[PDB]
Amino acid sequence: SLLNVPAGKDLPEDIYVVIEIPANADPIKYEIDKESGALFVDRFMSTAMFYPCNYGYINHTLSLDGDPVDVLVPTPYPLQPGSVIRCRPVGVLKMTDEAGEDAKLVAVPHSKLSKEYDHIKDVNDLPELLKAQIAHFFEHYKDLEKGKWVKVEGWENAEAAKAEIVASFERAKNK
């Protein structure tokens, strides 16, 4: 099942990301149910926006918020919901919302899948337009949702991203 997928071949440099929402899709927020491994409709987004990159999570990880570490993965073509892609972490988007602080990793496809992202080693290697769109999206997609808000803090490097993966992987074993 999707539940038996490893966190990666070699954490934190080489990871697997389970895709829940493809880039440029209809406004349907899917999520893999942790009990069944099936694709559940979380909700229909109320704003006329779409995810700038494919969005998913690393299996076997646990953030302080209680959910697995989520990741944004740009690809040349949108991926299938429920598919798994081998990636390499390059940065992290730090934010704060109504529930506390949050963080989203950005990972690019591994060199075995494509050599198109080999020159991207860190958060500042990503195209500035993409970073602005990802930032803009998170600050506004929940605008029509009563009682919800998001404020982007800033970006952190690949090292901060790797740190988060290792920390959240360990935490998944313990608590």
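A residue's number is simply how far along the shown sequence it sits, counting from 1.
For the pair 46 to 54 and 127 to 135, the record assigns the higher mean C-alpha temperature factor to 127 to 135. In this entry, 60 to 68 has the higher mean Cα B-factor, the comparison being between 33 to 41 and 60 to 68. The top Cα temperature factor in the record, among 153, 14, 20, 164, falls on 153.
In the deposited entry, the Cα temperature factor of residue 146 sits in the top third of values across the chain's modelled residues. Among all modelled residues in its chain, residue 140 ranks in the lowest third by Cα B-factor.
Residue 99: CA B factor lies in the highest third for its chain, per the PDB record.
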